[PDB]
Protein chains: 2
Amino acid sequence: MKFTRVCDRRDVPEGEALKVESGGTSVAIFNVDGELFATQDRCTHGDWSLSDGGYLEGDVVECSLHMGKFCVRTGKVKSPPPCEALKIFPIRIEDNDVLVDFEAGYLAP
Amino acid sequence: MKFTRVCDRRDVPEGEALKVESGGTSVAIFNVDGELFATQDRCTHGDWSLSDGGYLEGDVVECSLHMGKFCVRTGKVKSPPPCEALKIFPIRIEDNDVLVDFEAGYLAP
Ligand code: FES
Ligand code: FES
């Protein structure tokens with residue numbers, strides 16, 4: 001229902017992440033093999049940025065504070081310490097523009 | 001709504017309760033004669049868990065701290081001290097999977 005233009009698709013190279021924020025909501029955008037995926041930026045186990053850490057392997061991001069891991073496509077936990085999945089956010093690409101609905105974060109089924 | 005799997009229905013036997021949570025949102029799931037009902041986990045009168053510190057008799061849960069009571073089907077108060085109804089949450093059963101939408105808590109009319 002409410003998409004916000006956050007960056008150019010070329011701002012998130014394959015295998016990298018980018019933090020974007022709006023209204024006090026922080027979202028991490030990951031580029032996995034040419035497609036973009038959005039999740040809450042903070043690890044669910046602490047106030048620690050998943051994008052600012054720099055550890056993405058394929059579609060699994062690793063929190064650099066305690067090594068927890070999450071699937072960026074679904075937000076699901078792949079390794080503890082975390083026990084809670086990340087919220088994921090609607091993300092669309094229109095031309096070279098990447099848009100995110102910061103008010104629609106949700107947990108994957 | 002965006003439903004997420006929170007437990008197996010067999011994890012909440014008849015007459016029992018189970019707490020599930022995501023971020024700061026805690027939900028109590030109660031089994032009343034085979035059907036599951038979801039409410040906020042905390043008593044509205046204090047930081048006290050209705051699933052961990054509640055006694056379920058039929059469809060009425062009693063807060064063990066001051067003996068306030070709520071109907072788990074509607075969240076409405078059945079006995080003081082509480083004066084505010086519990087928020088209730090949408091819950092679905094798909095085979096043996098139990099799903100809730102943590103962002104959709106509401107007050108019964
Ligand atoms: S804060 Fe991320 S694993 Fe602990
Ligand atoms: S905290 Fe539940 S009745 Fe007071």
Side-chain angles (χ1 to χ4, degrees), chain A residues 16-21 25-30 32 37-89 105 107-108, chain B residues 16-19 21-30 32 37-89 105 107-108:
Chain A
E16 309 274 6
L18 176 67
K19 179 184 173 188
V20 297
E21 79 175 277
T25 298
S26 297
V27 169
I29 299 177
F30 302 91
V32 183
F37 298 89
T39 70
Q40 64 181 65
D41 190 61
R42 293 174 183 78
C43 181
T44 59
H45 182 249
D47 187 359
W48 191 267
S49 177
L50 293 175
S51 63
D52 286 356
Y55 287 83
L56 175 65
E57 205 68 61
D59 60 9
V60 176
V61 61
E62 179 183 352
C63 175
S64 69
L65 180 55
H66 316 106
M67 298 77 241
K69 292 179 182 174
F70 303 90
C71 171
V72 305
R73 303 167 174 281
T74 62
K76 297 174 178 296
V77 176
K78 289 297 194 171
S79 294
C83 68
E84 292 188 346
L86 302 165
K87 280 189 178 175
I88 56 182
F89 289 74
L107 294 173
Chain B
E16 305 295 342
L18 178 67
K19 179 178 71 178
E21 58 194 351
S22 171
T25 302
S26 54
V27 174
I29 300 174
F30 301 95
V32 183
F37 295 90
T39 71
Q40 63 182 67
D41 187 64
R42 294 189 174 67
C43 181
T44 58
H45 180 250
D47 183 2
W48 193 267
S49 172
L50 295 176
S51 62
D52 296 348
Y55 309 128
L56 181 67
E57 199 303 288
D59 61 6
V60 176
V61 64
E62 180 184 341
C63 174
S64 72
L65 182 56
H66 313 111
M67 301 84 69
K69 292 174 175 180
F70 303 88
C71 167
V72 304
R73 300 167 179 279
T74 60
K76 299 174 180 301
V77 180
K78 291 299 179 177
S79 181
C83 63
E84 289 177 47
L86 302 170
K87 287 188 177 184
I88 56 180
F89 289 73
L107 289 176

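Residue numbers start from 1 in every chain, and the chains themselves are labelled A, B, ... in the order their sequence lines are given, proteins ahead of strands. These numbers come from the heavy atoms of this one structure, side chains and all, not from hydrogens, waters or symmetry mates. Whatever order the structure lists ligands and atoms in, that order sets their numbers, starting from 1.
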Name the residue from A:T44, A:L107, A:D41 that meets the side chain to side chain contact (heavy atoms under 4.5 Å, CB included) definition with A:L86. A:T44
Shortest non-hydrogen contact between B:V72 and B:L56, atoms and distance: CG1-CD1, 4.0 Å
Can you name the closest pair of heavy atoms from B:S79 and B:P82 and give their distance?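 Smallest heavy-atom distance, with atoms named: O-CD, 3.4 Å.
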Should [X] and [Y] count as side-chain neighbours, where that means a heavy-atom distance under 4.5 Å?
X	Y	result
B:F37	B:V32	yes
B:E21	A:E84	yes
B:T25	B:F89	yes

Metal environment of atom 2 (Fe) of ligand 2, protein N/O/S under 2.8 Å: B:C43 SG, B:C63 SG
